[PDB]
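Asks: Sharing a structure here in structure tokens format.
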Amino acid sequence: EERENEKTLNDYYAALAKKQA
Amino acid sequence: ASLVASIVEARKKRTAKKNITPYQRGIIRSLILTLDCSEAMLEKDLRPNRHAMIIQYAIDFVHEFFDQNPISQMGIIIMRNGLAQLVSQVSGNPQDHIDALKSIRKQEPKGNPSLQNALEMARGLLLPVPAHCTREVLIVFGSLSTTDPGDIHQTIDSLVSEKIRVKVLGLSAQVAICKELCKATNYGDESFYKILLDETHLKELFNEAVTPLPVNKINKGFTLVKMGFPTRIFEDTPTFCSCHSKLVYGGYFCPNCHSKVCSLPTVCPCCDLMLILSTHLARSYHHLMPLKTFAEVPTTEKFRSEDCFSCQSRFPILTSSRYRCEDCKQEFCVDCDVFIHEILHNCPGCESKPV
Amino acid sequence: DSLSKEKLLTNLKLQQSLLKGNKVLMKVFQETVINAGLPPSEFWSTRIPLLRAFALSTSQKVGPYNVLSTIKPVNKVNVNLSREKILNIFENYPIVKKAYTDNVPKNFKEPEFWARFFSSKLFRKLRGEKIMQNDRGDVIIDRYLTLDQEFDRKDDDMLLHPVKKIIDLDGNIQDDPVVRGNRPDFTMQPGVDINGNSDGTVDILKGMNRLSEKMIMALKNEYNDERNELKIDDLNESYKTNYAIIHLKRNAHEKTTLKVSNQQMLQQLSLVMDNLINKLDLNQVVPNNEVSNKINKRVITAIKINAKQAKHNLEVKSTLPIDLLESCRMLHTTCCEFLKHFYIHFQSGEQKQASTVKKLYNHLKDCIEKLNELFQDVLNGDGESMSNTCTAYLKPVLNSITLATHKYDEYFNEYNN
Amino acid sequence: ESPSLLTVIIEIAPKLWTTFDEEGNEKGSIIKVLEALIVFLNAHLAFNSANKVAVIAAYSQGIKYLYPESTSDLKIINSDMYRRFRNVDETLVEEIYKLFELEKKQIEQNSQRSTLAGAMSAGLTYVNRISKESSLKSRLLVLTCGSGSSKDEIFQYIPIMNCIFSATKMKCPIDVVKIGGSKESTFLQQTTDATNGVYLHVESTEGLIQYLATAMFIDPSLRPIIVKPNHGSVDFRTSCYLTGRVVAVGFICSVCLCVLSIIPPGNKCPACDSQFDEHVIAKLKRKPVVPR
Ligand SMILES: [Zn+2]
Ligand SMILES: [Zn+2]
Ligand SMILES: [Zn+2]
Ligand SMILES: [Zn+2]
Ligand SMILES: [Zn+2]
């Protein structure tokens with residue numbers, strides 16, 4: 001659903017954030 | 001006068017082993033050894049210290065357990081400083097836990113124990129375990145007390161409800177709560193809370209704990225299990241393995257989904273099915289087919305033969321050292337009796353005698 | 001609690017936590033969902049025991065202990081504070097937690113606070129130290145003295161509970177309410193000071209008893225019988241195991257997928273005993289050097305064959321470019337992950353699994369085409385110099401994958417067609 | 001390096017030897033084998049000065065400690081040969097003739113069980129005896145006449161496995177020499193592969209001197225620097241209990257642990273009578289569910 005999408009987008013940011021680190 | 005003492009000691013020993021039974025004993029095992037590494041095992045009271053000998057004995061225990069029963073997975077969680085620390089997941093490779101224990105060698109045992117936390121996370125680790133696997137935990141303990149966050153009796157009830165047994169090898173003396181654990185978990189038996197008297201006794205206790213245990217009739221789980229013999233290849237080219245993702249010259253091939261692995265007896269990572277050899281399943285057949293004890297014939301009576309049937313040596317002459325296999329009606333020497341009863345698992349007299 | 005499959009899949013924060021713990025898990029997860037777009041629930045569906053192990057590792061907590069008794073006074077004193085022990089003091093003494101939280105975030109510093117605390121007589125009172133007016137303490141910390149006293153009163157009020165009459169010493173001493181005898185000895189009664197007041201050893205003993213009671217009620221947290229209590233087990237029947245023995249009926253099938261005669265073997269036996277007693281020559285054993293030469297040929301052929309077997313006795317050393325080696329290992333890894341998940345779907349066996357099976361079949365086809373395109377890349381990067389070895393290295397997983405595709409197609413034709 | 005305790009078991013049986021020499025024509029092929037083994041033990045005891053030899057023969061009714069004499073005088077062989085070689089060879093030909101005379105005497109009774117496993121076990125016990133006395137290499141040799149009727153290896157299978165495990169504990173390779181019509185003996189081949197032993201099957205009794213002098217000379221002093229010459233490979237699979245055929249993927253009892261290629265009739269164990277669970281076996285019988 002829609003509220004699951006921002007969670008997985010939050011995980012998208014965290015995956016990108018851990019990439020540069 | 002030492003032979004009379006040896007004879008009465010052998011009699012009092014053999015009174016325990018007079019009853020030999022073909023109980024159903026667990027083969028699909030699930031063994032957990034938790035370690036405490038606290039201030040108590042820092043005592044050098046036994047040479048060199050309790051920590052070093054339990055490390056060495058655990059090395060031996062891992063080797064013996066994987067040799068005798070390669071059809072189980074082994075997990076080790078250490079206890080340290082009021083925390084129980086998982087160091088070894090359940091696995092088919094003993095070498096992983098060997099390396100983890102080697103890490104445990106160099107680190108320093110310190111702190112206080114918490115059997116509540118230890119047994120709770122042991123329960124949680126034992127949670128995703130299939131039905132045929134016999135969940136059982138060995139616990140070593142050196143304290144006379146246990147600091148805990150909460151109740152132990154709820155944990156006891158949960159462990160009994162989830163069909164997991166325990167066996168405690170305490171160091172100093174009996175602890176009443178550990179006696180309670182062993183009794184309540186073990187259907188009222190007192191044959192599980194064991195205290196050593198020296199390091200040789202500890203060695204014997206570890207060897208005893210190596211063996212598979214009988215199961216109960218009421219705890220009935222008689223079923224089948226899917227199995228698959230794989231095939232080994234010896235290829236010219238190195239090939240990527242499924243498990244460790246690296247190039248392998250050889251390797252077994254999956255019987256079902258035709259992938260390849262690196263070690264056995266292991267389950268498939270791809271079709272997810274257990275792969276063994278017939279040697280592995282036949283390895284416990286001495287447990288499946290036990291051997292009767294051999295009786296010394298008395299020195300007073302007339303003797304069928306005066307030299308050993310098997311090793312072919314002269315029987316020594318007060319008493320008569322002729323251990324007779326009643327199943328084959330042949331007498332043997334003590335050395336052959338020891339070897340056939342422990343190392344071998346067949347009676348060559350019964351092999352020669354036709355049925 | 002946090003133990004179901006749904007709870008473990010739900011805990012995205014914990015999932016990110018062990019993600020950040022590992023590095024190959026970023027590699028795998030990034031390729032799985034960031035690159036391939038797999039459902040991350042099905043990603044974590046394999047790693048459920050790992051998730052639960054990480055959760056239970058993070059979830060444990062220690063038991064209570066006499067932190068003030070472990071506090072030592074240690075010339076001068078240097079503070080060597082441990083934060084876990086500071087929180088232990090906080091948990092064991094909510095009064096000390098309160099005195100921290102209304103003074104350090106308001107007035108002064110933490111090490112200054114703890115220096116004042118160690119200076120304070122409230123610390124001595126809470127520890128096993130008799131209070132003394134010669135000690136000045138810390139005034140700021142010792143303002144909490146009466147607050148701690150009324151905490152003690154409230155806690156004792158909480159700790160009060162009815163007692164079993166089987167062990168009730170109060171009922172025992174209330175046996176005879178009209179006992180009229182003599183006043184007992186000063187020796188064996190609780191002694192007092194000169195002015196009739198107590199020294200307070202009864203206070204410190206009831207305080208440490210209160211500490212014990214607080215221990216045991218911390219144990220007694222959220223996380224008739226006298227018939228059983230008075231059983232004399234020593235005169236009872238010994239417990240006997242109900243373990244079932246097992247027999248074994250033995251009737252094995254013969255191995256599936258000319259006969260000699262006693263007269264003829266007896267005739268040959270008589271003849272060969274005759275030959276035995278007749279003669280025996282070691283020198284005749286030497287061969288004819290021609291059939292022996294064929295034996296040499298057979299032996300040497302076996303040696304050559306098994307030596308070529310033994311010629312191919314960290315992974316193996318390879319001359320790959322390291323980047324392409326990593327890329328092909330990565331592709332092999334994600335293909336293996338796809339294959340394992342496809343097998344999980346296939347061996348599950350539901351109509352609910354059907355779209356999943358179809359989509360993973362599409363993904364396997366995509367992986368096949370990407371493998372082929374990688375083979376085109378190593379084709380025009382090597383001129384098939386060692387692109388052959390690249391194809392052969394990626395071969396067996398491809399064979400298993402395409403075998404699975406054929407199995408899927410065959411079962412599709414079995415059911416649908 | 002060290003004296004290699006040589007262990008040689010000879011499976012003598014007229015049911016096999018008569019079958020072989022009637023199938024072919026080489027009468028006295030067993031005598032040729034015995035002479036070849038005499039030269040083999042000579043070559044071994046000339047390879048090392050103390051690499052002691054254990055020689056045991058298993059006849060139809062049992063086994064016999066051939067070398068040495070029991071713990072309780074013609075000379076067929078030549079007087080010009082070596083002293084120790086002559087002593088051993090004279091002792092063995094005397095023991096062989098005594099055993100063959102005995103076999104002629106009690107030929108007419110019937111015992112259908114092979115004694116190979118019991119002979120192997122007793123030899124392993126004697127290996128323990130010799131190694132415990134006084135450091136000695138353990139190497140076990142079996143000589144068999146494989147041309148006889150392969151009657152039933154099923155009861156032989158279990159103690160052979162036990163012997164394999166024991167030799168695995170004892171670091172003793174089990175090297176197999178087979179002479180017979182059948183090219184393959186699966187259990188022996190598995191035994192050689194597991195114990196790092198040597199399997200070899202031929203038919204002609206000639207040339208066995210060169211055969212087992214060249215190939216059958218690997219000692220633990222130099223085992224890792226010698227490639228094994230075996231060409232066969234074994235799957236380590238077993239035939240099914242109720243259908244008698246080898247199985248790749250199948251089912252075993254949770255209790256008896258016998259291989260079941262199919263569902264047992266009555267859903268009860270054909271080995272230990274355990275009745276199983278119908279829902280379990282129905283899940284095992286489940287077809288995959290496929291979209292239409
Ligand atoms: Zn691998
Ligand atoms: Zn597979
Ligand atoms: Zn003996
Ligand atoms: Zn017997
Ligand atoms: Zn069974």
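Each chain in the structure tokens gets a letter, A, B and so on, in the order shown; residues start at 1 in every chain, and ligands are counted from 1 in the order they appear.
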Could you list, as a list in words, all protein and nucleic acid residues with an atom at most 7 Å from ligand 3, counting only C-alpha atoms and all ligand atoms?
Replies: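 So, counting only C-alpha atoms and all ligand atoms, the residues near ligand 3 are residues 308, 309, 310, 311, 312, 313, 332, 333, 334, 335 and 336 of chain B.
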Asks: Ligand 4: which residues are within 12 Å, counting only C-alpha atoms and all ligand atoms, as a PyMOL selection string?
Replies: (chain B and resi 291-295+309-310+323-332+336-337+340-341+345-355) or (chain D and resi 118)
Asks: Dump N, CA and C atoms for the selected residues as an mmCIF file, in the first residue's frame?
Replies:
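File produced: part.cif:
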data_model
loop_
_atom_site.group_PDB
_atom_site.id
_atom_site.type_symbol
_atom_site.label_atom_id
_atom_site.label_comp_id
_atom_site.auth_asym_id
_atom_site.auth_seq_id
_atom_site.Cartn_x
_atom_site.Cartn_y
_atom_site.Cartn_z
ATOM 1 N N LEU B 291 26.046 -54.497 21.527
ATOM 2 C CA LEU B 291 26.824 -55.707 21.736
ATOM 3 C C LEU B 291 26.658 -56.188 23.168
ATOM 4 N N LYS B 292 26.394 -57.482 23.329
ATOM 5 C CA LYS B 292 26.285 -58.064 24.658
ATOM 6 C C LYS B 292 27.647 -58.116 25.340
ATOM 7 N N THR B 293 27.622 -58.062 26.668
ATOM 8 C CA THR B 293 28.847 -58.177 27.437
ATOM 9 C C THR B 293 29.374 -59.606 27.391
ATOM 10 N N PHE B 294 30.670 -59.745 27.651
ATOM 11 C CA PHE B 294 31.327 -61.043 27.579
ATOM 12 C C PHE B 294 31.698 -61.483 28.984
ATOM 13 N N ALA B 295 31.433 -62.748 29.293
ATOM 14 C CA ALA B 295 31.543 -63.236 30.660
ATOM 15 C C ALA B 295 32.839 -64.013 30.836
ATOM 16 N N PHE B 309 40.601 -66.823 21.681
ATOM 17 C CA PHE B 309 40.004 -67.243 20.419
ATOM 18 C C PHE B 309 40.303 -66.245 19.309
ATOM 19 N N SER B 310 40.321 -64.961 19.644
ATOM 20 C CA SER B 310 40.364 -63.892 18.657
ATOM 21 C C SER B 310 41.778 -63.380 18.409
ATOM 22 N N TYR B 323 36.794 -64.039 28.696
ATOM 23 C CA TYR B 323 35.525 -63.363 28.471
ATOM 24 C C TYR B 323 34.778 -64.043 27.341
ATOM 25 N N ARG B 324 33.642 -64.650 27.663
ATOM 26 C CA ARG B 324 32.928 -65.495 26.723
ATOM 27 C C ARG B 324 31.800 -64.736 26.047
ATOM 28 N N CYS B 325 31.791 -64.755 24.716
ATOM 29 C CA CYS B 325 30.620 -64.309 23.973
ATOM 30 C C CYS B 325 29.623 -65.446 23.936
ATOM 31 N N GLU B 326 28.567 -65.347 24.745
ATOM 32 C CA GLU B 326 27.520 -66.362 24.745
ATOM 33 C C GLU B 326 26.781 -66.423 23.415
ATOM 34 N N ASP B 327 26.801 -65.337 22.635
ATOM 35 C CA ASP B 327 26.169 -65.354 21.326
ATOM 36 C C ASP B 327 26.970 -66.184 20.339
ATOM 37 N N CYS B 328 28.258 -66.375 20.592
ATOM 38 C CA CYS B 328 29.096 -67.198 19.742
ATOM 39 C C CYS B 328 29.782 -68.318 20.489
ATOM 40 N N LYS B 329 29.593 -68.403 21.811
ATOM 41 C CA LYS B 329 30.108 -69.485 22.662
ATOM 42 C C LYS B 329 31.632 -69.577 22.604
ATOM 43 N N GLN B 330 32.303 -68.436 22.458
ATOM 44 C CA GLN B 330 33.760 -68.403 22.447
ATOM 45 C C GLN B 330 34.257 -67.453 23.522
ATOM 46 N N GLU B 331 35.330 -67.850 24.200
ATOM 47 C CA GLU B 331 35.956 -67.028 25.222
ATOM 48 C C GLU B 331 37.092 -66.211 24.626
ATOM 49 N N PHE B 332 37.326 -65.032 25.199
ATOM 50 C CA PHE B 332 38.311 -64.109 24.650
ATOM 51 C C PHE B 332 39.120 -63.486 25.775
ATOM 52 N N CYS B 336 41.051 -58.199 23.655
ATOM 53 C CA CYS B 336 40.074 -58.402 22.598
ATOM 54 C C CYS B 336 38.676 -58.021 23.052
ATOM 55 N N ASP B 337 38.352 -58.288 24.322
ATOM 56 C CA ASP B 337 37.049 -57.900 24.845
ATOM 57 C C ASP B 337 36.874 -56.387 24.793
ATOM 58 N N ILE B 340 36.694 -55.299 20.892
ATOM 59 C CA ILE B 340 35.434 -55.640 20.256
ATOM 60 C C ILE B 340 34.294 -54.847 20.874
ATOM 61 N N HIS B 341 34.353 -54.607 22.180
ATOM 62 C CA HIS B 341 33.250 -53.915 22.818
ATOM 63 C C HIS B 341 33.276 -52.417 22.556
ATOM 64 N N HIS B 345 32.804 -53.294 16.329
ATOM 65 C CA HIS B 345 31.378 -53.363 16.604
ATOM 66 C C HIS B 345 30.783 -54.636 16.027
ATOM 67 N N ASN B 346 31.585 -55.696 16.002
ATOM 68 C CA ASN B 346 31.165 -57.040 15.602
ATOM 69 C C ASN B 346 31.889 -58.111 16.324
ATOM 70 N N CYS B 347 31.268 -59.265 16.429
ATOM 71 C CA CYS B 347 31.947 -60.366 17.077
ATOM 72 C C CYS B 347 32.411 -61.346 16.021
ATOM 73 N N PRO B 348 33.719 -61.472 15.785
ATOM 74 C CA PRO B 348 34.201 -62.388 14.742
ATOM 75 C C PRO B 348 33.880 -63.844 15.010
ATOM 76 N N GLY B 349 33.720 -64.229 16.278
ATOM 77 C CA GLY B 349 33.197 -65.551 16.572
ATOM 78 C C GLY B 349 31.790 -65.729 16.039
ATOM 79 N N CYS B 350 30.956 -64.704 16.193
ATOM 80 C CA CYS B 350 29.629 -64.752 15.607
ATOM 81 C C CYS B 350 29.664 -64.559 14.099
ATOM 82 N N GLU B 351 30.756 -64.016 13.561
ATOM 83 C CA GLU B 351 30.896 -63.927 12.111
ATOM 84 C C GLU B 351 31.241 -65.281 11.524
ATOM 85 N N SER B 352 32.097 -66.030 12.207
ATOM 86 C CA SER B 352 32.465 -67.358 11.737
ATOM 87 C C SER B 352 31.325 -68.348 11.941
ATOM 88 N N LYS B 353 30.611 -68.237 13.052
ATOM 89 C CA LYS B 353 29.526 -69.165 13.356
ATOM 90 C C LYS B 353 28.346 -68.913 12.433
ATOM 91 N N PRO B 354 27.924 -69.878 11.627
ATOM 92 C CA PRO B 354 26.791 -69.651 10.731
ATOM 93 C C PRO B 354 25.458 -69.729 11.441
ATOM 94 N N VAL B 355 24.526 -68.912 10.974
ATOM 95 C CA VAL B 355 23.191 -68.859 11.550
ATOM 96 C C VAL B 355 22.213 -69.563 10.622
ATOM 97 N N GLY D 118 34.793 -61.000 9.003
ATOM 98 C CA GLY D 118 35.343 -61.484 10.256
ATOM 99 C C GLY D 118 36.849 -61.634 10.205
#
Asks: Please check which protein, DNA or RNA residues sit within 6 Å of ligand 2, counting only C-alpha atoms and all ligand atoms, and write them as a list in words.
Replies: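 If we count only C-alpha atoms and all ligand atoms, the neighbours of ligand 2 turn out to be residues 254, 256, 257, 258, 259, 268, 270, 271 and 272 of chain B.
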Asks: Report as a PDB file with N, CA, C and O atoms, in the first residue's frame which protein, DNA and RNA residues come within 10 Å of ligand 5, using only C-alpha atoms and all ligand atoms.
Replies:
ATOM      1  N   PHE B 222       7.342 -40.750  15.524  1.00  0.00           N
ATOM      2  CA  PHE B 222       7.781 -41.721  14.526  1.00  0.00           C
ATOM      3  C   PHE B 222       7.242 -41.322  13.165  1.00  0.00           C
ATOM      4  O   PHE B 222       6.026 -41.308  12.947  1.00  0.00           O
ATOM      5  N   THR B 223       8.146 -41.008  12.244  1.00  0.00           N
ATOM      6  CA  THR B 223       7.750 -40.538  10.929  1.00  0.00           C
ATOM      7  C   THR B 223       8.819 -40.956   9.928  1.00  0.00           C
ATOM      8  O   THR B 223       9.703 -41.764  10.232  1.00  0.00           O
ATOM      9  N   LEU B 224       8.717 -40.428   8.717  1.00  0.00           N
ATOM     10  CA  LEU B 224       9.738 -40.598   7.703  1.00  0.00           C
ATOM     11  C   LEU B 224      10.518 -39.304   7.565  1.00  0.00           C
ATOM     12  O   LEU B 224      10.229 -38.306   8.231  1.00  0.00           O
TER      13      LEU B 224
ATOM     14  N   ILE C 246      13.610 -51.054  20.833  1.00  0.00           N
ATOM     15  CA  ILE C 246      13.273 -51.335  19.446  1.00  0.00           C
ATOM     16  C   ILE C 246      13.884 -52.671  19.043  1.00  0.00           C
ATOM     17  O   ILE C 246      15.032 -52.983  19.382  1.00  0.00           O
ATOM     18  N   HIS C 247      13.088 -53.468  18.347  1.00  0.00           N
ATOM     19  CA  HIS C 247      13.538 -54.668  17.675  1.00  0.00           C
ATOM     20  C   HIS C 247      13.866 -54.320  16.229  1.00  0.00           C
ATOM     21  O   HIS C 247      13.854 -53.152  15.831  1.00  0.00           O
ATOM     22  N   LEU C 248      14.150 -55.345  15.430  1.00  0.00           N
ATOM     23  CA  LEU C 248      14.352 -55.146  14.001  1.00  0.00           C
ATOM     24  C   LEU C 248      14.018 -56.451  13.288  1.00  0.00           C
ATOM     25  O   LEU C 248      14.782 -57.417  13.358  1.00  0.00           O
ATOM     26  N   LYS C 249      12.881 -56.465  12.598  1.00  0.00           N
ATOM     27  CA  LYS C 249      12.620 -57.520  11.633  1.00  0.00           C
ATOM     28  C   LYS C 249      13.543 -57.333  10.437  1.00  0.00           C
ATOM     29  O   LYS C 249      13.805 -56.206  10.003  1.00  0.00           O
TER      30      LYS C 249
ATOM     31  N   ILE D 252      14.061 -42.167   4.276  1.00  0.00           N
ATOM     32  CA  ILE D 252      14.583 -43.065   5.292  1.00  0.00           C
ATOM     33  C   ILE D 252      13.730 -42.947   6.541  1.00  0.00           C
ATOM     34  O   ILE D 252      13.086 -41.923   6.785  1.00  0.00           O
ATOM     35  N   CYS D 253      13.709 -44.025   7.315  1.00  0.00           N
ATOM     36  CA  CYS D 253      12.951 -44.043   8.552  1.00  0.00           C
ATOM     37  C   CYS D 253      13.591 -43.109   9.565  1.00  0.00           C
ATOM     38  O   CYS D 253      14.816 -42.995   9.640  1.00  0.00           O
ATOM     39  N   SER D 254      12.749 -42.434  10.346  1.00  0.00           N
ATOM     40  CA  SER D 254      13.268 -41.638  11.446  1.00  0.00           C
ATOM     41  C   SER D 254      13.846 -42.504  12.555  1.00  0.00           C
ATOM     42  O   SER D 254      14.617 -41.997  13.375  1.00  0.00           O
ATOM     43  N   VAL D 255      13.522 -43.792  12.584  1.00  0.00           N
ATOM     44  CA  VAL D 255      13.978 -44.683  13.633  1.00  0.00           C
ATOM     45  C   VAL D 255      14.948 -45.719  13.079  1.00  0.00           C
ATOM     46  O   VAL D 255      16.115 -45.758  13.477  1.00  0.00           O
ATOM     47  N   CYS D 256      14.491 -46.559  12.158  1.00  0.00           N
ATOM     48  CA  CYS D 256      15.346 -47.617  11.641  1.00  0.00           C
ATOM     49  C   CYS D 256      16.428 -47.079  10.732  1.00  0.00           C
ATOM     50  O   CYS D 256      17.522 -47.653  10.688  1.00  0.00           O
ATOM     51  N   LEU D 257      16.124 -45.999  10.008  1.00  0.00           N
ATOM     52  CA  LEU D 257      17.007 -45.396   9.013  1.00  0.00           C
ATOM     53  C   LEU D 257      17.422 -46.422   7.958  1.00  0.00           C
ATOM     54  O   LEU D 257      18.600 -46.743   7.791  1.00  0.00           O
ATOM     55  N   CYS D 258      16.428 -46.953   7.265  1.00  0.00           N
ATOM     56  CA  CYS D 258      16.665 -47.756   6.080  1.00  0.00           C
ATOM     57  C   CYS D 258      16.112 -47.008   4.880  1.00  0.00           C
ATOM     58  O   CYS D 258      15.131 -46.268   4.988  1.00  0.00           O
ATOM     59  N   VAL D 259      16.781 -47.164   3.741  1.00  0.00           N
ATOM     60  CA  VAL D 259      16.417 -46.397   2.560  1.00  0.00           C
ATOM     61  C   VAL D 259      15.114 -46.930   1.978  1.00  0.00           C
ATOM     62  O   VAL D 259      14.906 -48.144   1.861  1.00  0.00           O
ATOM     63  N   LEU D 260      14.195 -46.016   1.687  1.00  0.00           N
ATOM     64  CA  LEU D 260      12.922 -46.363   1.070  1.00  0.00           C
ATOM     65  C   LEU D 260      12.820 -45.595  -0.234  1.00  0.00           C
ATOM     66  O   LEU D 260      12.635 -44.374  -0.227  1.00  0.00           O
ATOM     67  N   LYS D 268       4.003 -48.326   7.281  1.00  0.00           N
ATOM     68  CA  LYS D 268       4.689 -48.787   8.466  1.00  0.00           C
ATOM     69  C   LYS D 268       6.087 -49.218   8.057  1.00  0.00           C
ATOM     70  O   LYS D 268       6.314 -49.609   6.907  1.00  0.00           O
ATOM     71  N   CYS D 269       7.019 -49.129   8.994  1.00  0.00           N
ATOM     72  CA  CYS D 269       8.414 -49.348   8.659  1.00  0.00           C
ATOM     73  C   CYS D 269       8.660 -50.813   8.332  1.00  0.00           C
ATOM     74  O   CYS D 269       8.332 -51.690   9.137  1.00  0.00           O
ATOM     75  N   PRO D 270       9.243 -51.112   7.171  1.00  0.00           N
ATOM     76  CA  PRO D 270       9.608 -52.492   6.849  1.00  0.00           C
ATOM     77  C   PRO D 270      10.811 -53.003   7.619  1.00  0.00           C
ATOM     78  O   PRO D 270      11.176 -54.170   7.454  1.00  0.00           O
ATOM     79  N   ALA D 271      11.437 -52.178   8.450  1.00  0.00           N
ATOM     80  CA  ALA D 271      12.551 -52.615   9.268  1.00  0.00           C
ATOM     81  C   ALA D 271      12.236 -52.621  10.754  1.00  0.00           C
ATOM     82  O   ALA D 271      12.568 -53.585  11.446  1.00  0.00           O
ATOM     83  N   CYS D 272      11.578 -51.582  11.269  1.00  0.00           N
ATOM     84  CA  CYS D 272      11.336 -51.516  12.703  1.00  0.00           C
ATOM     85  C   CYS D 272       9.889 -51.188  13.046  1.00  0.00           C
ATOM     86  O   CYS D 272       9.630 -50.691  14.147  1.00  0.00           O
ATOM     87  N   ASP D 273       8.960 -51.417  12.117  1.00  0.00           N
ATOM     88  CA  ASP D 273       7.519 -51.480  12.370  1.00  0.00           C
ATOM     89  C   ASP D 273       6.927 -50.158  12.836  1.00  0.00           C
ATOM     90  O   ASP D 273       5.867 -50.134  13.466  1.00  0.00           O
ATOM     91  N   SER D 274       7.583 -49.046  12.537  1.00  0.00           N
ATOM     92  CA  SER D 274       7.081 -47.745  12.948  1.00  0.00           C
ATOM     93  C   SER D 274       5.999 -47.295  11.980  1.00  0.00           C
ATOM     94  O   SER D 274       6.258 -47.103  10.788  1.00  0.00           O
ATOM     95  N   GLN D 275       4.787 -47.123  12.491  1.00  0.00           N
ATOM     96  CA  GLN D 275       3.728 -46.530  11.695  1.00  0.00           C
ATOM     97  C   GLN D 275       3.951 -45.028  11.597  1.00  0.00           C
ATOM     98  O   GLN D 275       4.223 -44.360  12.598  1.00  0.00           O
ATOM     99  N   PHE D 276       3.838 -44.505  10.388  1.00  0.00           N
ATOM    100  CA  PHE D 276       4.177 -43.124  10.102  1.00  0.00           C
ATOM    101  C   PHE D 276       2.928 -42.273  10.002  1.00  0.00           C
ATOM    102  O   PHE D 276       1.807 -42.727  10.253  1.00  0.00           O
TER     103      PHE D 276
END
Asks: If the limit is 6 Å from any atom of ligand 1, counting only C-alpha atoms and all ligand atoms, which residues qualify? Return them as a list in words.
Replies: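 After applying the 6 Å limit, what remains is residues 241, 242, 243, 244, 245, 261 and 262 of chain B.
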Asks: Could the residues in this selection be saved with C-alpha atoms as a PDB file, in the first residue's frame?
Replies:
ATOM      1  CA  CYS B 241      30.261 -23.179  -5.519  1.00  0.00           C
ATOM      2  CA  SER B 242      26.737 -22.370  -4.430  1.00  0.00           C
ATOM      3  CA  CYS B 243      27.538 -22.042  -0.741  1.00  0.00           C
ATOM      4  CA  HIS B 244      30.702 -19.968  -0.557  1.00  0.00           C
ATOM      5  CA  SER B 245      30.528 -18.544  -4.112  1.00  0.00           C
ATOM      6  CA  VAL B 261      28.287 -27.910  -2.821  1.00  0.00           C
ATOM      7  CA  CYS B 262      31.602 -28.030  -1.009  1.00  0.00           C
TER       8      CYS B 262
END
Asks: Give me the residues near range 251-258 of chain C as a list in words, where near means some atom within 10 Å (using only C-alpha atoms) and where sequence neighbours in that chain fewer than 4 positions away do not count.
Replies: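 In the requested form, the answer reads residues 149, 151, 152, 153, 154, 155, 238, 239, 240, 241, 242, 243, 244, 245, 246, 247, 270 and 271 of chain D.
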Asks: Go through range 79-126 of chain D and flag each residue having an atom no more than 12 Å from range 26-50 of chain D; for those, report the closest pair of atoms plus their distance in Å to one decimal, using only C-alpha atoms, ordered by chain and rising number, as CSV.
Replies:
residue,atom,partner,partner_atom,distance
D:81,CA,D:42,CA,10.5
D:82,CA,D:42,CA,9.3
D:83,CA,D:42,CA,11.1
D:84,CA,D:45,CA,8.8
D:85,CA,D:42,CA,6.1
D:86,CA,D:42,CA,9.3
D:87,CA,D:42,CA,11.1
D:88,CA,D:38,CA,8.7
D:89,CA,D:38,CA,6.6
D:90,CA,D:38,CA,10.1
D:91,CA,D:38,CA,11.2
D:92,CA,D:38,CA,8.8
D:93,CA,D:34,CA,8.9
D:96,CA,D:34,CA,9.4
D:97,CA,D:31,CA,11.2
D:100,CA,D:31,CA,11.7
Asks: Could you write out the selected residues, including C-alpha atoms, as an mmCIF file, in the first residue's frame?
Replies:
data_model
loop_
_atom_site.group_PDB
_atom_site.id
_atom_site.type_symbol
_atom_site.label_atom_id
_atom_site.label_comp_id
_atom_site.auth_asym_id
_atom_site.auth_seq_id
_atom_site.Cartn_x
_atom_site.Cartn_y
_atom_site.Cartn_z
ATOM 1 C CA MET D 81 67.176 -69.116 -0.642
ATOM 2 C CA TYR D 82 67.286 -66.652 2.250
ATOM 3 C CA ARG D 83 66.896 -67.748 5.857
ATOM 4 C CA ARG D 84 63.990 -65.539 6.955
ATOM 5 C CA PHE D 85 62.348 -65.796 3.537
ATOM 6 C CA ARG D 86 62.735 -69.571 3.640
ATOM 7 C CA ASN D 87 61.370 -69.783 7.186
ATOM 8 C CA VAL D 88 58.288 -67.741 6.330
ATOM 9 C CA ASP D 89 57.699 -69.524 3.026
ATOM 10 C CA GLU D 90 58.133 -72.997 4.533
ATOM 11 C CA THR D 91 55.818 -72.077 7.409
ATOM 12 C CA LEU D 92 53.196 -70.747 5.019
ATOM 13 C CA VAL D 93 53.311 -73.694 2.631
ATOM 14 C CA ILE D 96 48.483 -73.890 3.531
ATOM 15 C CA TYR D 97 48.768 -77.634 3.015
ATOM 16 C CA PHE D 100 43.822 -77.548 2.386
#
